[PDB]
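A, B, C, D and E are the chain letters, set down in written order, and residue numbers restart from 1 in every chain.
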Amino acid sequence: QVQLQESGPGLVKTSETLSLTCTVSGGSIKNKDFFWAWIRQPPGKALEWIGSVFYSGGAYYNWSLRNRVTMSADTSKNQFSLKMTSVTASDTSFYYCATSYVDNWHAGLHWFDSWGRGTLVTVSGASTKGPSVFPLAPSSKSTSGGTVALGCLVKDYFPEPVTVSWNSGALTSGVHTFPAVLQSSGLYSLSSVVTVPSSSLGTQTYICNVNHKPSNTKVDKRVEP
Amino acid sequence: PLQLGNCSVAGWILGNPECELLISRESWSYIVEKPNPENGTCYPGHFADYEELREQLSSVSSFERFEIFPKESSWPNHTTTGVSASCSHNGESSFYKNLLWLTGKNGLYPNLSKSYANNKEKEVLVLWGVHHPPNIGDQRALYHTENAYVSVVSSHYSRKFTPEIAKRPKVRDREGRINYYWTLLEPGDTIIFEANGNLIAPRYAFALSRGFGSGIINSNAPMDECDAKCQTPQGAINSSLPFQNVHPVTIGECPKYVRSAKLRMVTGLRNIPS
Amino acid sequence: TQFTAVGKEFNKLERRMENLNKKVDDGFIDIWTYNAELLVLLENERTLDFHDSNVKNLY
Amino acid sequence: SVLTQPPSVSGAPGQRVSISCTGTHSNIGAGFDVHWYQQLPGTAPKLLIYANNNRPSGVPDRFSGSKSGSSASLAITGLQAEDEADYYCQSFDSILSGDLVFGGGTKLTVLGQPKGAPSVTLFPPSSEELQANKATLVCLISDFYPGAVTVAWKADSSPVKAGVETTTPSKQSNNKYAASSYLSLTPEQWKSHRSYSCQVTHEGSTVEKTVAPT
Amino acid sequence: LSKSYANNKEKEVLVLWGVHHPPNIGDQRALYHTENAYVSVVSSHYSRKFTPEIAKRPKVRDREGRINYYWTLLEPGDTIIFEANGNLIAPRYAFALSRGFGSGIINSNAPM
């Protein structure tokens, strides 16, 4: 009955400190029956428990991380947090927040439920770069087969990811945001595409809302043929 | 109250094998102990701040035993079979139910580190012990170190215990000693145990809500279903009168003790009928 | 009277506190025993005198 | 990973697969319960089995859990394509501090999945893009099975190697794949040639798409 | 270090110090360049030798580390000696006082 949401994705300089916050909805963080978790996963790799925290600030940590991690809870804001020091490239992961119903911790019978979406934390000596959004419009020479596609081109950004919606969320049908390219220049480029019937081509507004949370770069683009 | 039979507060709280009191109580108004209980610290040593614990445990409104560090699973690279002839149950060397004797396994006693975050919203009485062997041979045999330590720290407790080996008069056939320690871990607080030898690890801890302000009665008087406002070592008293000459040391809303034999107030007239 | 447990237990290295506590317990018994015994003696005489003055007045 | 999982398992639809989770004396062997998680491509993990054999709501009787000794097993009877995901087992380890532990994960592959052909769509460098003194051709490959493709670019009708940048195919929600290929040119290169082409080859069969500056 | 103080005030002098207890041996070595540290504090009526005890501790005000506070009321005319090779949180300011009758503390939000 509880919903969890991690803080925004971003960059962390090497040797520096990583901070994340999870926000509990649908119930109180001030519950004696839960220990609030932070789990991580390097892309393509396995899941790893970081730590679990009680609302009072009492915590248990992954032995291998015990001296770099610290967790806290804020019963007012109904949030719990993670602070990880002296970050290495190995700390580049998807950071998830979850929770555990706990009676007796050392009985070891507890699992994780009410997981969040995850948040990509990229560790780099590199700098935050915003995207150059361009409209991908269908030709004025094209004779319609049946349908038609237009899109958005998000160019040279860092780090990952970019959220791409259409018509501030209104357009959902036929939308396809493609996984990005690691341009061998260190930058990323991604492109979304929406497929519409030929009829609604001229007769409809197409706006692609791009969000690069790492750099706070919200850009809206009118896609017109 | 909490009748302890032949057990002392120490025996009952440490879990002396002769103490159990079957499916146990979760609240009590006062404690009943015998003038001289015969079951206490079966393995000899010093119980720290014992009179203080006795006072703090007098009345308890809520009380739950929980296996703070489960015996069967918490110590994979240590032996937990440790029992004593002085702590016998029936005809066999047993130990305290609420504590665990950790000794070496496969020729080593690896470092331990076990914390506990108080998730009870109540005070948690955490009890441990420190073993002090009689000779360096035993020290080395059991803990595989001559430089042993036991750290125990919370946000309101911090003590580092080093064992002291010595020739001692035998008590219950032991030259060796186990010194008993406790702390009332505050709601929300963490306690860390860290050792390389000599820790008599906590097994069972107790989540409690400390009552009003009571005490212990040492009496061989029978227990009964009756209800009172004033309890004496020899039996309960009617509390409606302002004074009593029964016993000076009572528990409750009691009349004031007086040395007097009679205290009678005349209401009527002098009876002069002839 | 409020709820109270009179008894206090001390260790062999707490003889002063043990005695301080005896001094309290005994001082209070001394006061109540004297006051109570004397109050009853005084007001029993007063009660008896009161009846006497009522019959002398009824007369 | 303190708990050991086979990197992969496979099964034909309607068969029974069994993913093993093998532990030690300090975790499963110490008496700690085992729990499982299902992780679908590009989603956060979700609880599948809790307390060794219990199914949360929304998990069918096909999924079952068992634990014996110092090992556990997730079994899936009557395998469906929708079951194709990663699978993690989780337990507890008392060796030191008392930690929550995960297995290394197992990629489940469901067999007998139709050999779908790619849907290529090619975009020319935009009006706004050429005016920004740069040119990019975008070749979008989608809904193909299996996930292996070779993308070849063409300037007029001759091969291109410089400016070409392609993705490694990624798994979609439907269990099919998707790729992208971006060709970097100068507006001069874009105007100097008659027409550019994208050639996508999937299982020998090839698909071509073309774009010219008018 | 070795720093004594002869009480030239004709009043009691409240002398306060601290002993630092690091969370790890690294910090101990980093700050005091010894693993065998001591803090002696002696007067004609006080004598305590403090050795630091390093341990993993729950954080309080974001610290794993601890400073234990000590005091003594140095009698008129008496000398106090501090001697250490690490971990001393040295007294900076002391107080010459004349202890009053016999009062106490009131905890109240009432105006003065």
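Please note the rule applied: contacts are C-beta pairs under 8 Å (C-beta built on N, C-alpha and C of every residue); 3 or more make two chains touch, one makes a residue touch a chain.
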| request: Hop across touching chains from subunit B and tell me the fewest hops that reach subunit D. | output: 1
| Two chains sharing the most C-beta contacts | A-D
| task | Calculate how many whole Å lie between the centre of subunit B and the centre of subunit E, each centre taken as the average of the chain's C-alpha atoms. | result | 35
| remark: Per the C-alpha centroid definition, the whole-Å distance linking subunit D and subunit E comes out as 63
| said: Counting only Cα atoms for the centres, state how far subunit A is from subunit E in Å. | reply: 51
| message | I need the residues of subunit D touching at least two other chains; which ones are they? | response | 30-32, 94, 96-98
| said: If I count partner chains per residue in subunit B, which residues reach a count of at least 2? | reply: 73-74, 113-115, 189-190
| remark: Expected list for subunit C, residues touching two or more other chains, is none
| Which subunit B residues qualify as touching subunit E in the complex? | 113, 115, 151, 153-155, 158, 160, 189-192, 194
| remark: Counting only contacts in the complex, subunit B reaches subunit C at residues 30, 50-51, 54-55, 58, 212-216, 239, 242-243, 248-260, 263-270
| remark: Touching subunit D in the complex, subunit A uses residues 37, 39, 46-49, 52, 60-63, 66, 94, 96, 100, 105-106, 108-113, 115-118, 132, 134-137, 139, 141, 149, 151, 153, 155, 176, 178-181, 183-184, 189, 191, 193
| remark: Per the touch rule, the subunit D residues reaching subunit B in their complex are 25-26, 30-32, 94-98
| query | Which positions of subunit D touch subunit A when the two form their complex? | reply | 1, 30-33, 35, 37, 44-47, 50-51, 56, 88, 90-94, 96-105, 121, 123-124, 126-129, 132, 136, 138, 140, 142, 165-167, 170, 178, 180, 182, 211, 214
